Amino acid sequence: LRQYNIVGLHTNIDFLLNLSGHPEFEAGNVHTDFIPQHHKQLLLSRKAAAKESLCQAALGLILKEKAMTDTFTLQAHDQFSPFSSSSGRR
Amino acid sequence: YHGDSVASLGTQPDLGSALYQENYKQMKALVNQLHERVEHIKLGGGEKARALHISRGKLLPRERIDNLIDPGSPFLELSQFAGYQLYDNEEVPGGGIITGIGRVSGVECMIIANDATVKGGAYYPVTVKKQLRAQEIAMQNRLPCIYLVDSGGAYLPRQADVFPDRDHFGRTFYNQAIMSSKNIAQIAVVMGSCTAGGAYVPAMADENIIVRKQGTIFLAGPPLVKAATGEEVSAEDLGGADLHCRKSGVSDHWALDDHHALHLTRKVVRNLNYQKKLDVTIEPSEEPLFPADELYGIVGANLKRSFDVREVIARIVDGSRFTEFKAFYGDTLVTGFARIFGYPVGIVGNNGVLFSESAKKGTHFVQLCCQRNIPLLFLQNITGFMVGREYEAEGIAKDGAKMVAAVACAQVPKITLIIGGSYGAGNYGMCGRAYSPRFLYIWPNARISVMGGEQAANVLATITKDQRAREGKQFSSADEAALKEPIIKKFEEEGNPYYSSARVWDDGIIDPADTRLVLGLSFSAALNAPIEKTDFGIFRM
Amino acid sequence: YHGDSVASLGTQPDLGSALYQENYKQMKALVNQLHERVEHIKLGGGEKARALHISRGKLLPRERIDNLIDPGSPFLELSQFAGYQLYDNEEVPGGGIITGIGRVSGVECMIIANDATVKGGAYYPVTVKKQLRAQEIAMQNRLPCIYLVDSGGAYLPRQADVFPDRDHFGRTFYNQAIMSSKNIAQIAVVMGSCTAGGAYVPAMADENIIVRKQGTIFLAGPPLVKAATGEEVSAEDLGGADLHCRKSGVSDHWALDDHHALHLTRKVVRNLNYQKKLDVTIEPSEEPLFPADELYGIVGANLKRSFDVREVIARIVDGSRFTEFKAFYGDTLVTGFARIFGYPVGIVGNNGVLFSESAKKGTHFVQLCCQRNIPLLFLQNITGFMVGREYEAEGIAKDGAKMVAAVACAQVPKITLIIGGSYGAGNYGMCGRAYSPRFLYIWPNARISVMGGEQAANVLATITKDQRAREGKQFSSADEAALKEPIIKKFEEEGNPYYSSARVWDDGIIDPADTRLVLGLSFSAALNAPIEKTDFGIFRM
Ligand SMILES: CC(C)=CC(=O)SCCNC(=O)CCNC(=O)[C@H](O)C(C)(C)COP(=O)(O)OP(=O)(O)OC[C@@H]1O[C@H](n2cnc3c(N)ncnc32)[C@@H](O)[C@@H]1OP(=O)(O)O
Ligand SMILES: CC(C)=CC(=O)SCCNC(=O)CCNC(=O)[C@H](O)C(C)(C)COP(=O)(O)OP(=O)(O)OC[C@@H]1O[C@H](n2cnc3c(N)ncnc32)[C@@H](O)[C@@H]1OP(=O)(O)O
Ligand SMILES: O=CCCCC[C@@H]1SC[C@@H]2NC(=O)N[C@@H]21
Ligand SMILES: O=CCCCC[C@@H]1SC[C@@H]2NC(=O)N[C@@H]21
């Protein structure tokens, strides 16, 4: 389920992951009305992301900008100009 | 077919040698001092001025430049030390203006941004000189100009050095109009109030962007209107983006804030409809075979010692590959062909005193490079120019004149780098400022003067002694000391790289370890314009 | 770097609005009528004429064009309505000739094919005008010409309007020779007998192809030879492909039938040894963000109502991306930069009455576009030109003159599209026919006249009344009605798009939903020729 990812559509992936990760499921005793009692346990708000995740997102944005610069350089004549680099050098 | 194995320059330096240790220590100290001074200059006009500037909701000029250019793109700032201790009691960081070359929407552009935190953006004479130099570079290299205008006009107490002359404030408008006539785009972004003079900059630009309640264009400010005519009016009603866009027609775009103005500027640059075309052969780039920091050990800070320029060449060129031309004739000069970032270059460097053979070899190599349309790179390390009776009988001056004329008449892009001393007519012979190189950089250990201090002192002392003897008057030794010591001190002060960079005598002091990179950028910016044919004068054989 | 997010034009129209429903209904009816008339014109000269033409083993001209151009290639036919009700009792479908731009062997070419089913291919004055317009387009855009010649010479009863003048039949040969001198290929395929005049077309062409027993070249036909000299001879012996190839040397290739002739023409076009080169920046194409049929609702058929031209711009440009220039000054004019199929274009459109500010903005934008070498697209929807005492005091006429001179002196490719009214000097100011646009199309709801019918009637009535009063003669109201009503009726008839397209005043009436596509094709055909520099006259400030 972690390997399976959707982008562009709202899915119940988080609900399935919460159902699988709840220790009652690991216990093996599954009841017909078990989900209604634990409905809001699975449905919880997102947690504040750790600063490492924000750093990874910023790095991804920077690298996407670098890749787009590389594409534009590929379309250009001066392929080896130092300006085409994404060093951010001063 | 480019598969032939070729020998490369460069030798591994002796890292255990005490001379290497001392040279590395001295150069590292110089570079650290340079970096600290650059940081202090970057701090800006002052803390209170920055706080007031932020309180108005405006961006600092360096933030404007960072948000304007393409993300992650390198920025080549020019003349970071303009105005450094130039005036006795006034501090003018960076000359009060920021000029540089960057990449906007994939196009190399010259950005000129006024620093409103330095005397409200008033124009000191050094500011005018820096802006004129940037405009000249843009004209020569055919680069679009972007003026982030936030200025308070000419600095009144120094008006006599700002207003009237040819290379004074009016030359800015002259260059703007001329470059507009040559299909070189001019874009003016009015980020703040322009009291006077600066109001003409958006008017003469091809396209304008003005912030809503920050930028206000008016020929005369409310104080100036009150002083001249006596009419009282507010700044917004006198200028204002709404009042200019709606009925004046001066403004071409209307921006909510600085970010919107920069976005509009990027859109305009994209709509410029320009494409770079290269008229030189290109080869895949390759790194040099030796580290660049070793130059610190190789060069050092003492000019009395001498080093082989081939070390620098091997440390800067691609793959350390160098094809020397006339290696054994005129050994004191090193001329050859190399490549930097794939661009072909003809390197001419000094390795001693200039002789007749060296001048002839330099003239021949310059002729070859001009014929083949190859950019030229000069490396100045001048101990002096050969002088003597037998040399005058052989026309050492006439060979120097040959080299000077050949360098002056050249039309290929020329880039000069002063890695050591630069004295006498040798500076002219190696493409000094007077001979219009596209760029000129110096290392933090250079020295530039008409001659050495002791040589000038001796010349003056001999002149005075001979004149007194002809007159019949005694010339005592105390007079000799009083004539010599001030000359020595003055020549020592005026030769400092920081003294030469406070005035705009170069495009900045560069860390040697960065040299290669800077050159690359410069050469890229030098290749926007097409290379014309070279017409030479009379070669006095 | 072209990754900046940019806002796009366009708004979703209210499909439930009654105004949208009515406008859509009216425009759909107009388009259906246009399509039916085009079908009837395509039917050709007549059933009996087509049967006789087929009985001779020849292909109909449209089949010839279909088999000539590359498979599946689009064909841009010009002036499909020439001669529509132009003559009182004679029906001349398509002017008796078919002119268009197509792709042969990967090269854009101008195909001119005579229709032998219309009066035996005789040349009506409108046919000469259409052929001259096609030749002028080919000359301007540097396109090879292919003449599928099957003609009976000039139409004798109308000879006074065909033979003698400058823009008469001889201009065809003049243009042929001139374009031959400029390395613009001329290929003539003699598909049928040419009585006279048309016999010169293969003679002046660079290369000839003639069918064996269909095509026959002779300066004078057997009837003309009998009338002039009295000699009797058969058509084949007078012309004939064998008799021309073998000893005359007029013919360059010999073809068995029409299919073989078209194959040979394609081979020749391949052997032309030409390659298209683009001198403008190109970006990947992208579809607009809104459907093109919604224009029917947006524009409608009633000219009294007004619409925002930005809707049309968003419906035709790539990705609905538009960079407006001077948005708030002269709001009645919309000027900006966009891209169509990757080609950069400068769009100038009307949004109201032309004021002084609008004229100044248009002049500035035209200057910018000429400086940057960007093709220009004009969208004419003219309610009128602002007049009045205060406007004359401000030189509204002089600002109109500024705009007129700027448009006339322009050298970049110019394409005009009339989406609404076009009256007065505003038509001249927005690149009318007199100012040589590369192409000119109109929508089926346009109206073109010197002014409105009621305005002209009022002007004439006032003139007559003042003259009678000065003379001292009574001017009754019945005289006013008798002067007004015929003028109203005549102005109503002469403003019809079909009236304007019967004469060659444009290059055809186009379905709005096709607009984009047509423009694309036109601009492609406009980019074969290189763009020259623009020289302007005196700008009367
Ligand atoms: C024909 C041509 C080609 C040109 C011309 O005709 S040029 C005509 C004359 N210029 C004007 O008419 C603009 C007059 N400015 C103003 O209308 C405003 O002032 C602004 C717009 C500058 C914003 O001002 P601001 O918000 O930045 O604040 P301010 O404190 O004012 O900023 C620092 C203070 O400015 C003092 N200061 C000294 N010299 C000048 C100077 N030359 N211009 C402005 N200010 C100056 C400084 O000494 C003090 O600080 P200090 O030294 O005491 O610490
Ligand atoms: C210097 C310069 C620059 C130019 C010249 O000098 S130009 C010199 C004069 N031209 C000729 O000398 C060619 C004379 N044609 C012929 O030798 C033939 O006719 C062909 C070759 C045309 C084939 O003819 P075809 O096979 O197509 O049949 P046809 O019935 O004939 O076709 C329709 C009928 O043609 C009548 N018709 C009316 N006007 C003309 C006309 N101008 N030319 C020909 N035919 C005409 C039409 O009225 C009738 O039909 P309709 O109206 O009665 O229904
Ligand atoms: O360059 C310094 C060495 C000592 C002075 C040499 C003099 S400066 C005047 C003349 N011009 C030269 O190039 N060399 C001599
Ligand atoms: O265009 C129609 C509006 C009414 C007439 C306006 C006149 S036509 C003569 C003059 N030239 C213009 O462009 N406008 C006025």
Side-chain angles (χ1 to χ4, degrees), chain A residues 1-21 42-90, chain B residues 35 38-39 42 62 65-66 69-78 80 98 100-109 143 270 274-287 318 339-344 508 510-511 513-514 516-528:
Chain A
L1 281 169
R2 295 307 310 282
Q3 296 315 115
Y4 166 111
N5 312 131
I6 308 298
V7 180
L9 216 80
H10 302 83
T11 70
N12 71 323
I13 287 167
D14 64 329
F15 189 78
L16 295 168
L17 292 176
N18 298 346
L19 195 144
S20 59
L42 306 197
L43 294 176
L44 289 179
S45 168
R46 66 101 185 165
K47 188 56 191 70
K51 314 210 181 134
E52 293 76 8
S53 310
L54 279 88
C55 290
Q56 295 177 27
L59 179 63
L61 185 50
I62 294 164
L63 293 188
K64 293 292 284 187
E65 287 156 358
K66 178 199 256 180
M68 183 176 282
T69 321
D70 298 346
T71 293
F72 174 78
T73 306
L74 255 298
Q75 269 97 43
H77 279 41
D78 197 355
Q79 275 102 20
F80 311 112
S81 179
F83 281 118
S84 84
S85 159
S86 297
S87 49
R89 192 71 178 272
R90 311 266 182 277
Chain B
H35 169 87
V38 169
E39 288 290 329
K42 179 191 72 140
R62 298 203 176 263
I65 287 178
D66 296 353
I69 63 185
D70 292 352
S73 162
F75 181 60
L76 176 67
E77 187 182 2
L78 308 171
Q80 301 180 309
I98 307 186
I101 295 183
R103 169 154 288 184
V104 185
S105 287
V107 181
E108 276 107 17
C109 293
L143 302 171
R270 191 153 176 201
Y274 165 71
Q275 205 181 15
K276 201 203 199 156
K277 293 179 179 179
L278 278 183
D279 46 348
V280 296
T281 67
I282 301 297
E283 296 196 14
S285 192
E286 184 188 355
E287 286 306 295
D318 280 3
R339 292 211 172 246
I340 306 183
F341 285 110
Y343 308 127
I510 66 168
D511 184 5
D514 289 358
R516 178 177 160 79
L517 166 67
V518 163
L519 289 188
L521 295 178
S522 310
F523 272 122
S524 193
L527 291 183
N528 267 259

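Chain letters run A, B, ... following the sequence lines, proteins first, then strands; residues in each count from 1.
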* Most heavy-atom pairs under 4.5 angstrom with chain A, which of B:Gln275, B:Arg103, B:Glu283? -> B:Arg103

* If you count heavy-atom pairs under 4.5 Å between each of A:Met68, A:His77, A:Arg90 and chain B, which one has the most? -> A:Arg90

* Assess whether atom CG of A:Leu43 is packed by more than 12 heavy atoms of other residues, nucleotides or ligands within 6.0 Å. => yes

* Structure fact -> chain B shares the most heavy-atom pairs under 4.5 Å, among A:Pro82, A:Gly88, A:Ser86, with A:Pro82

* To do: Side chain from CB out, backbone as N, CA, C, O: work out which of these in B:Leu521 comes under 4.5 Å of a heavy atom of chain A, or both, or neither.
  => both

* Asked: Tell me, side chain or backbone of A:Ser85 under 4.5 Å from chain B's heavy atoms, or both, or neither?
  -> backbone

* Which atoms of B:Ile69 approach chain A - backbone, side chain, both or neither, heavy atom under 4.5 Å -> side chain

* Check each atom of A:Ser84 against the heavy atoms of chain B and say whether the ones under 4.5 Å are side chain, backbone, both or neither. => both

* Quick one: of B:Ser73, B:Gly72, B:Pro71, who has the most non-hydrogen atom pairs under 4.5 Å with chain A? -> B:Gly72

* **A:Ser81 vs B:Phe341 side-chain heavy atoms within contact, under 4.5 Å** => no

* **Pairwise side-chain contact, A:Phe83 with B:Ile101, heavy-atom cut-off 4.5 Å (strictly under)** => yes

* **Side chain / backbone / both / neither for B:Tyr343 at chain A, heavy atoms under 4.5 Å** => side chain

* Which heavy-atom pair separates B:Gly106 from A:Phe72 by the least distance, and what is that distance? -> CA-CE2, 3.6 Å

* Asked: Got a sec: does the NZ of A:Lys66 have more than 12 other heavy atoms crowding it under 6.0 Å?
  -> no

* **Close side-chain approach of A:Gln79 and B:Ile282, heavy atoms under 4.5 Å** => no

* Part of A:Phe80 lying under 4.5 Å from any heavy atom of chain B -> both

